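Residues per chain are reported as follows:
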Amino acid sequence: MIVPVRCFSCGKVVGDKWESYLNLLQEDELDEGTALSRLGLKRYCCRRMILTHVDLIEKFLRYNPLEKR
Amino acid sequence: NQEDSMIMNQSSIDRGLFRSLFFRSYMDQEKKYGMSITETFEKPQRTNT
Amino acid sequence: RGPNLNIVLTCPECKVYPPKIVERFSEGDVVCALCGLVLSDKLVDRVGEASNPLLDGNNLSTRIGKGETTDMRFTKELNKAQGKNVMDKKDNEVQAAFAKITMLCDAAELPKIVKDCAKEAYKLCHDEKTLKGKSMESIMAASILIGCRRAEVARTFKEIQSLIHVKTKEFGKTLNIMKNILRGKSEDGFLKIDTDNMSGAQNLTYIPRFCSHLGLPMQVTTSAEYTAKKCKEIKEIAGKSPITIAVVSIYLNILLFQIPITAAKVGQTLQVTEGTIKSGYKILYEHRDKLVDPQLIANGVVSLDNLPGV
Amino acid sequence: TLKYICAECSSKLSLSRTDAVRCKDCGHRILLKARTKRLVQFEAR
Amino acid sequence: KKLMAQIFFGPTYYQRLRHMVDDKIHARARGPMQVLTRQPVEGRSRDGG
Amino acid sequence: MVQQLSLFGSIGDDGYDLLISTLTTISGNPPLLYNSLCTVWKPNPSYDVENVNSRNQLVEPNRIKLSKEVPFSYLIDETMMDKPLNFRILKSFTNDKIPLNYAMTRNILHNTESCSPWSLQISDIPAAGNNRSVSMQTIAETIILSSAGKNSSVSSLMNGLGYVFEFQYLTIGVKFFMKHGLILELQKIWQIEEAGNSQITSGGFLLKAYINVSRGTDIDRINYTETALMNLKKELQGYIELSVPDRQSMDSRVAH
Ligand SMILES: [Mg+2]
Ligand SMILES: [Zn+2]
Ligand SMILES: [Zn+2]
Ligand SMILES: [Zn+2]
């Protein structure tokens, strides 16, 4: 839904790396493995935590808010 | 983990492995059986209900 | 009168009346809450058929139909058996009248609350000596009108006459007789507060349906409701029929919102004389300030200069 | 008396018992009861 | 200590199935009885037998 | 966690000396004049309480009582110093006239530094089992020894624990310590009020024959004390009747 705060296996904080991962993908033209390595995810548990994350929160956000202030 | 059991990581469970939301919806109606026989939504009181 | 046959379930040790009793459903127990003594155990919380003893009474009957292996000569003889019964002729005719009520409400696509209210109104006004010579279609029409008014889904005499070919005079006579019978039944049994349900005008309930028939927006419908509410304060037009009041308020708000629907089209849709609509608009033209909803002109969605003069 | 929000126009409304359950601004018939004003406690686990 | 055997190790896709033990755990010492047979009722939601 | 195995009765004022002589013959012990000013505290009605406790068991609010002696110089009205303190002084106490009054009991309660010793007793309704021939009640009691501070009055301490004063009574009587730990008390009770004292035991003495057992789980001890009470009852038949009083009477819970 939204990127997890920590890696499930080891507990490395990965929730701060999602925007930089997307930026390395879309404006530095790196492939995903080099992007993960540049973020510093060397364990494949941490690599799949970002690589396999499906970020459904903007799909949820395209709907109008039910309570609007 | 014998006979198809599995050992899951409690630390991974704490960090959110396979955590899920469960939603259950309860639907209720107020219906009019007759003239004065009508259901109504209100907070009931033990003195008169 | 008669035997008591009532179980008063009290704690035999606390000796407190009224007893403080907890019915523990999950444990199947009834306990005294003061001391915890179990008074009665093995509590009883599908297999039959539903029957409401208010609509068709305490009538229990089963029909005969084809099974897995059924010869048709035996079914035809048994079907004539239930028909050739003299004890339940009144039950048969009241069920036929309920069937007519249901088919009329289905042809009108009225809701189930209207069907139930009309059926109960017919059952309460049935077999009354004051209602014997009136025609059955008039009984049906008056019961349908009473059901609509009681469900606040009120239609008009023109609607019920479009459904049922009934003469207007004895329709009104039947409606008056059944209203008297229903008030007598309410006084005899359970008493009901009217709170403006049987009222003859009910002009606020006709605005949304007529606006839907004309294809008007929701804000135009709400402004027409406000205008129809404020027309009651006007003495000269409060004596008019509620249909006419609703139609002239709707037409005034149509002219206010520049909806391209002519008075002839409104009259053809709502079965009101175009001259009557024009006269109502020309007499409500004088009271423009009170009728038109004030925050509409405050927000500027409409202006009072849009209405054509007389 | 009690606070409701329309389904799609997100308008705030106050309803009593005798009020019909409909939206007054756009005419929609689906209203959601408002989020409670009290603080709600969640363990962060 | 090192395990004498080396372990086949790596990511695998797993699915959380909807049979949770909390939706299936059920016990009844005494409870409601059926209307007809006055036997314990059916279902864990009805505190049955 | 004591249990009181108890029987109750009453006598008139005329038969008081006859019962004193009879019980002297029964026990071999002279009667013992005693008093205990009992002050009763109920939970504060301005305090919203929960029916549950720290655990998940739901309980009723209960009146909890504080009892202590009063010196007999405070009960002598400056006219009977000469007669010694014995069973004979209870014949004079028949009416509502008691020298201990509401002002002085208020002075005792408010301590107007250190406070006198008290006994804090909490008692529930007796057991509902209709198979015991004697009234069995459960009493939990502490001994409040001393107090200090600027807020050292025992009434304000009871307020701090959350209990306000409801009523108080002074009981004066004589007791016998007879065979095998049976305490039989014979007492008058006066309610102490600002409107005036009132003799609750009007025209007679109340009788309470009780045995304290530390472990009510010990069924052998319970049965032994019960059959000692019935032995006393059999010995006392013909003259006075011992019977179990009402559990609704012995209940000290706050009704609502
Ligand atoms: Mg299996
Ligand atoms: Zn990791
Ligand atoms: Zn009880
Ligand atoms: Zn809306």
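Residues numbered from 1 in each chain as written, not as in the entry; some residues may be left out. Chains lettered and ligands numbered in written order. Part of a larger assembly, values for the part shown. Heavy atoms only, no water.

As annotated in the PDB entry, chain F carries the name Mediator of RNA polymerase II transcription subunit 18 and is attributed to Saccharomyces cerevisiae.

Chemist: Help me out: how do you make sense of the overall build of chain F in this one?
Modeler: When helices and strands are counted, chain F shows five helices and nine strands. For chain F, whose C-alpha radius of gyration is 19 Å, the value lies close to the compact-globule estimate of 18 Å for 256 residues. The principal-axis extents of the C-alpha atoms in chain F amount to approximately 55 × 50 × 30 Å. A buried classification covers 43% of the 256 residues belonging to chain F. On chain F, roughly 13900 Å² of surface is accessible, and the fraction owed to carbon and sulfur atoms is 53%. Looking at charge distribution, chain F has the averaged site of its 22 positive side-chain charges lying 4 Å from that of its 25 negative ones. (Helix = DSSP H or I, 4+ residues; strand = E, 2+ residues; numbered from the N terminus. Rg over C-alpha atoms; globule rule 2.2 N^0.38 Å. Buried < 20%, exposed > 50% of the residue type's maximum accessible area, 1.4 Å probe, protein only. Areas by Shrake-Rupley, 256 points an atom, 1.4 Å probe, with all protein chains shown as cover. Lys, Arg positive; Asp, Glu negative; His and termini not counted. Charge placed at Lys NZ, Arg CZ, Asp CG, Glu CD.)

Chemist: Looking at this structure, I do not really get the pairing of strand 1 (residues 2-12) of chain F. What am I missing?
Modeler: A regular strand places its side chains so that they alternate between the two faces of the sheet. All names here are of chain F. In terms of residue burial, strand 1 counts as a mostly covered element, since eight of its eleven residues are buried. Bridging between strand 1 and strand 5 (residues 135-144) involves five bridges; their strand directions are antiparallel. Within strand 5, the residue paired with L5 across the bridge is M136. (Pairing = 2+ DSSP bridges.)

Chemist: In this structure, what is going on with the coordination of the zinc ion (ligand 3)? I would like to understand it.
Modeler: Ligation of the zinc ion (ligand 3) by protein atoms is provided by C11 of chain C (SG), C14 of chain C (SG), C32 of chain C (SG) and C35 of chain C (SG), these donors lying 2.3 Å from the ion. Because the angles between the four donor atoms bound to the zinc ion (ligand 3) fall within 108 to 111°, the donor set is best described as tetrahedral. (Donors = N, O, S within 2.8 Å, 3.2 Å for Na, K, Ca; no water. Tetrahedral: all angles 85-135°; square planar, octahedral: opposite > 155°, others 65-115°.)

Chemist: Help me understand the coordination of the zinc ion (ligand 2) in this model?
Modeler: Ideal values for angles at a metal depend on the geometry: 109.5 degrees with four tetrahedral donors, 90 or 180 degrees with six octahedral donors. Residues and elements named next belong to chain A. Surrounding the zinc ion (ligand 2) are the protein donor atoms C7 (SG), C10 (SG), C45 (SG) and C46 (SG), which sit 2.3 Å from the metal. Coordination geometry of the zinc ion (ligand 2): the four donor atoms subtend angles of 99 to 119° at the metal centre, consistent with an arrangement described as tetrahedral. One chain supplies every donor to the zinc ion (ligand 2), and in sequence these donors are spaced C-x2-C-x34-C-C. One end of the pair, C10, is in the segment before helix 1 (18-26); the other, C46, is in helix 3 (residues 44-51), and 36 residues separate them in sequence.

Chemist: I keep staring at the sheet that holds strand 2 (residues 12-15) of chain D and nothing clicks. Help me out?
Modeler: Residues and elements named next belong to chain D. Taken together, three strands build an open sheet; the order of strands is 2-1-3 and the sheet is antiparallel. Of all the strands in the sheet, just strand 2 and strand 3 (31-33) have a single pairing partner and so form its edges. If you compare each strand with its neighbour and ignore which way they point, the axes differ by 40° on average. Bridge count for strand 1 (residues 2-6) against strand 2 is four bridges, and the pairing is antiparallel. Residue pairing in the sheet places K3 in a bridge with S14 of strand 2. (Axes fitted to C-alpha atoms, helices over the stretch in contact; angles between N-to-C directions.)

Chemist: Would you explain the arrangement of the chains in this entry?
Modeler: The interface with the most contacts, out of nine pairs of chains in contact, is the one formed by chains C and E. At no point do chain A and chain C touch; the closest pair of C-alpha atoms across them sits 21 Å apart. Taking C-alpha atoms only, the smallest gap left between chain A and chain F, which are not in contact, amounts to 36 Å. (Contact = heavy atoms within 4.5 Å.)

Chemist: Can you help me understand the sheet that holds strand 1 (residues 21-24) of chain C in this one?
Modeler: The pairing of strands in a sheet happens through backbone hydrogen bonds and is either parallel or antiparallel. Residue and element names in this part refer to chain C. Across the sheet, three strands lie side by side as 1-2-3; this open sheet has antiparallel pairing. If you trace the sheet from one side to the other, it starts and ends with strand 1 and strand 3 (38-41), each paired once. Across the sheet, the axes of successive neighbouring strands diverge by a mean angle of 15°, strand direction being ignored. Where strand 1 meets strand 2 (residues 29-32), four bridges bridge the pair, whose relative direction is antiparallel. Each bridged residue has a counterpart across the sheet, and for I21 the counterpart in strand 2 is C32.

Chemist: Whenever I open this one, the pattern of salt bridges confuses me. Can you help?
Modeler: Once the charged atoms of two side chains with opposite charge are near each other, the side chains can pair. Counted according to the given criterion, the structure contains 15 salt bridges over all chains. Note that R46 of chain E is salt-bridged to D45 of chain C, the shortest N-O span being 2.5 Å. For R46 of chain E, a relative accessible area of 31% corresponds to the partly exposed category. Across the pair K188 of chain F and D13 of chain F runs a salt bridge, and its minimum N-O distance is 3.5 Å. Overall, the relative accessible area of 0% leaves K188 of chain F in the buried class. (Salt bridge = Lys/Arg side-chain N within 4 Å of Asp/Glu carboxyl O.)

Chemist: How should the packing of helix 2 (residues 32-39) of chain A against helix 3 of chain A be read in this particular structure?
Modeler: Residue and element names in this part refer to chain A. Two numbers describe how helix 2 lies on helix 3: the axes approach to 10 Å, and their chain directions differ by 120°. The way helix 2 lies across helix 3 gives a crossing that is right-handed. Here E32, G33, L36 and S37 of helix 2 come into contact with helix 3, specifically with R47, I50 and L51. When its residues are assigned to classes, the contact of helix 2 with helix 3 shows three nonpolar, two polar and two charged. (Left-handed = near helix turned anticlockwise from the far one by under 90°. Nonpolar A, V, L, I, M, F, W, Y, C, P; charged D, E, K, R; others polar.)

Chemist: Would you mind showing me how to read a nonpolar patch on the surface here?
Modeler: Residue and element names in this part refer to chain A. A contiguous nonpolar patch, built from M1, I2, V54, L56 and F60 and spanning about 480 Å² of accessible area, is present on the exposed surface. Assignment of secondary structure puts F60 in helix 4 (residues 57-61). Among the residues examined, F60 registers a relative accessible area of 42% and is labelled partly exposed. (Patch = residues over 30% accessible without salt bridge, like charges linked within 9 Å, V, L, I, M, F, W, Y side chains within 5 Å.)

Chemist: How should I be thinking about the packing of aromatic side chains in this particular structure?
Modeler: Aromatic ring pairs: the centre-centre distance and the angle between the two ring planes describe each pair. Counted according to the given criterion, the structure contains ten aromatic pairs over all chains. A centroid spacing of 6.0 Å and a plane angle of 80° characterise the contact between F98 of chain C and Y122 of chain C, whose relative ring orientation is edge-to-face. Highlighted residues: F98 of chain C in helix 2 (residues 89-107) and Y122 of chain C in helix 3 (residues 112-125), separated in sequence by 24 residues. One exposure class covers both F98 of chain C and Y122 of chain C, and it is buried. Judged by centre distance (6.1 Å) and plane angle (90°), the ring pair of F93 of chain F and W190 of chain F falls under edge-to-face. In terms of burial, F93 of chain F and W190 of chain F fall into one category: buried. Within the aromatic cluster, the residues linked to one another by ring pairs are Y251, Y281 and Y285 of chain C. Cation over ring: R288 of chain C sits above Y285 of chain C, and NZ or CZ is 3.8 Å from the ring centre. The ring of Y34 of chain F has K175 of chain F sitting right over it, with the charged end atom 4.3 Å from the ring centre. (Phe/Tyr/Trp six-rings, centres within 6.5 Å; stacked < 30°, edge-to-face > 60°. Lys NZ or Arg CZ within 6 Å of the ring centre and 35° of its normal.)

Chemist: How do you make sense of helix 2 of chain A when you look at a structure like this?
Modeler: One turn of the α-helix equals 3.6 residues, which is why residues spaced by three or four share an orientation. Residue and element names in this part refer to chain A. Buried within helix 2 are the following residues: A35, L36 and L39. Down the axis, helix 2 shows its buried residues gathered within 100° of arc, on one side only. Packed against the buried residues of helix 2 are helix 1 and helix 3. (Arc of directions from axis to C-beta.)

Chemist: What is the right way to look at the nonpolar core in this model?
Modeler: Side chains of nonpolar character tend, in soluble globular proteins, to be buried together. In this structure, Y16, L90, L170, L184 and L186 of chain F are the most contacted members of the largest nonpolar core, which totals 42 residues. Taken together, the elements giving at least two residues each to this core come down to strand 1, helix 1 (16-27), strand 2 (32-43), strand 6 (163-178), strand 7 (182-191), strand 9 (204-213) and helix 4 (219-236) of chain F. If near-sequence neighbours (up to four positions away) are discounted, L170 of chain F is found in contact with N35, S36, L37, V70, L75, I98, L100, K188, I189, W190 and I192 of chain F. Of all hydrophobic cores here, the second largest spans 39 residues; its members include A224, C231, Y251 and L284 of chain C. (Core = buried A, V, L, I, M, F, W, Y, C linked by side-chain atoms within 4.5 Å.)

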